[PDB]
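In the working numbering, the protein residues as written are 356 to 521. Each residue gets a CB set at the ideal place from its N, CA and C atoms; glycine is no exception. Notes follow once the structure below has been shown.
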Ligand SMILES: O=C(O)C1=C(c2ccc3cccnc3c2)CCC1
């Protein structure tokens, strides 16, 4: 199957009201982005959902990556297997502004997307990371230069983002 049902916001940013796990299972994209933390502990939010859909195979692989490589930096990324969801999973760490991490690092986090021509992704630093999701979409539009297909689960949030960008 291929991406379908997206609204084009800019030349390269698309958005859909969808569960990213279901999108990944339908499309099997080359790259799905995870909203990760520095130790790749996929406990909740989008990370918990993607790891559960791999039946914990992502967590076991992530623990081995950390033991061998050490933690990521805030604003950084690594490429690991996508298992049943994608060819690859790009684990990206946005700042957790509720813990005083600098919002400037949200631009650095989105810069990692430019290494891939096409990605399925969530908004970074939204949810438990504490950033305003509309601000995160603005940074995505201002920073990502490759084609990104954004999945937003919550309908109320999705409608607010589309109203702000149209
Ligand atoms: O897209 C959303 O509505 C947002 C979040 C979320 C959280 C958990 C999810 C689990 C499965 C699939 N999608 C998810 C999405 C947290 C911030 C905004």
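Taking the continuous alpha helix (DSSP H) assigned at residue i, which residues delimit it?
{"i": "residue 490", "result": "488-498"}
{"i": "residue 519", "result": "510-520"}
{"i": "residue 412", "result": "412-424"}
{"i": "residue 406", "result": "400-408"}
{"i": "residue 474", "result": "From DSSP, residue 474 is part of no alpha helix (DSSP H) but of the beta strand (DSSP E) over 473-476."}
{"i": "residue 463", "result": "460-466"}
Quick one: is residue i buried, meaning 16 or more other Cβ sit within 10 Å of its Cβ, or exposed?
{"i": "residue 394", "result": "exposed"}
{"i": "residue 440", "result": "buried"}
{"i": "residue 415", "result": "exposed"}
{"i": "residue 360", "result": "exposed"}
Looking only at its chain, what residues have a beta carbon closer than 6 Å to the beta carbon of residue i, apart from the 5 residues adjacent to it on each side?
{"i": "residue 452", "result": "458, 485 and 486"}
{"i": "residue 448", "result": "391, 393, 427, 429 and 431"}
{"i": "residue 374", "result": "508"}
Would DSSP call residue i helix, strand or coil?
{"i": "residue 298", "result": "A query on residue 298 cannot be resolved here, the shown segment of the chain reaching from 356 to 521 and no further."}
{"i": "residue 383", "result": "coil"}
{"i": "residue 371", "result": "strand"}
{"i": "residue 451", "result": "coil"}
{"i": "residue 359", "result": "coil"}
{"i": "residue 469", "result": "helix"}
Nearest-angstrom Cα distance between residue i and residue j?
{"i": "residue 520", "j": "residue 476", "result": "18 Å"}
{"i": "residue 482", "j": "residue 507", "result": "11 Å"}
{"i": "residue 364", "j": "residue 505", "result": "10 Å"}
{"i": "residue 399", "j": "residue 366", "result": "32 Å"}
{"i": "residue 424", "j": "residue 444", "result": "17 Å"}
Kindly list the residues whose CB is nearer than 7 Å to the CB of residue i, restricted to its own chain and excluding five residues on each side of it in sequence; keep chain order.
{"i": "residue 372", "result": "507, 510 and 513"}
{"i": "residue 494", "result": "461, 462 and 465"}
Once you ignore the five residues that flank residue i on each side, which residues in its own chain have a CB closer than 8 Å to its CB?
{"i": "residue 497", "result": "462"}
Could you spell out where the beta strand (DSSP E) holding residue i opens and where it closes?
{"i": "residue 503", "result": "502-507"}
{"i": "residue 434", "result": "432-436"}
At a cut-off of 7 Å, would you count residue i as near ligand 3, judging by its Cβ distance to the nearest heavy atom?
{"i": "residue 426", "result": "In the structure shown, ligand 3 is absent; the only ligands present are ligand 1."}
When the cut-off is 8 Å and only beta carbons count, does residue i lie next to chain C?
{"i": "residue 399", "result": "This model lacks chain C altogether; it includes just one protein chain."}
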